[PDB]
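Student: build me a structure from this.
(2 chains, ligands or ions: 7)
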Amino acid sequence: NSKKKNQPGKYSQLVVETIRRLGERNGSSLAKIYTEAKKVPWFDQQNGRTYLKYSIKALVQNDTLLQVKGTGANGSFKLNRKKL
DNA sequence: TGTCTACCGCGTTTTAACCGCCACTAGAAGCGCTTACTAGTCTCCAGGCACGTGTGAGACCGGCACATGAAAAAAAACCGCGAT
Ligand SMILES: [Ca+2]
Ligand SMILES: [Ca+2]
Ligand SMILES: [Ca+2]
Ligand SMILES: [Ca+2]
Ligand SMILES: [Ca+2]
Ligand SMILES: [Ca+2]
Ligand SMILES: [K+]
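Tutor: Numbers count the residues shown, from 1 in each chain, chains lettered A, B, ... in the order given. Ligands and ions are numbered 1, 2, ... in the order given. Below, you will see the structure:
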């Protein structure tokens, strides 16, 4: 209601598309998504880890994605919503 | 066997090692003189040794308490096997 949806960025979409792709039973990690997200040809190496860090911070706040536990450094996130 | 990236090789730009020199002087090192300190010698005697003896520390053993590994079995969870 009164909302006009965003269009999440090219890195913010990778978080969703990699977390759905190799969807762990519990908590897909920033380091794992980083490990294989960087095989993508358009990914820029020096900074892209920072962009997946920016993405998940917002993506968790959006009720788009949800994180289960801490582990190493609050680094385990599952895609919250599958619609009813 | 498979995946990821830390290492290697290389060309380019930067840095400071190197060399040869000169100027300055701290301090290494030699030398003569003097005495404090050590070796050496003698005499003496007590510290530390070989020897002997006892008794309590420790080794040994049996009985028990207790820690913990491994099995069997009960409870979670997870890893697929193939469906609209
Ligand atoms: Ca001197
Ligand atoms: Ca004595
Ligand atoms: Ca003795
Ligand atoms: Ca006695
Ligand atoms: Ca005694
Ligand atoms: Ca006694
Ligand atoms: K002297």
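Student: what about residue A:21, distance to residue A:37?
Tutor: Separation of residue A:21 from residue A:37 (Cβ to Cβ, to the nearest Å) stands at 10 Å. All C-beta atoms are positioned from the backbone trio N, CA, C, and that covers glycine.
Student: ok, those two, which is more surrounded?
Tutor: residue A:37 (20 against 12; other Cβ atoms under 10 Å).
Student: list the contacts of that one.
Tutor: A:14, A:18, A:43, A:48, A:52 (Cβ atoms under 8 Å, 6 or more residues apart in numbering).
Student: so the first one sits against residue A:52, correct?
Tutor: So that's residue A:14. Yes. Using Cβ atoms under 8 Å, residue A:14 makes contact with residue A:52 at a distance of 7.1 Å.
Student: longest helix in chain A, please.
Tutor: Using DSSP state H to define each element, chain A has its longest helix at helix A:48-61.
Student: which helices and strands does the helix or strand just after that one pack with?
Tutor: Using DSSP states H and E, the helix or strand that directly follows helix A:48-61 along the chain is strand A:66-67. Packing partners of strand A:66-67 (3 or more Cβ pairs under 8 Å, 6 or more residues apart in numbering; DSSP states H and E): helix A:48-61, strand A:77-78.
Student: would you list these in JSON lines and tack on distance to DNA strand B?
Tutor: What follows is those, written out as JSON lines (distance: least, Cβ to the nearest atom of the strand, whole Å):
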{"stretch": "helix A:48-61", "distance to DNA strand B": "10"}
{"stretch": "strand A:77-78", "distance to DNA strand B": "13"}
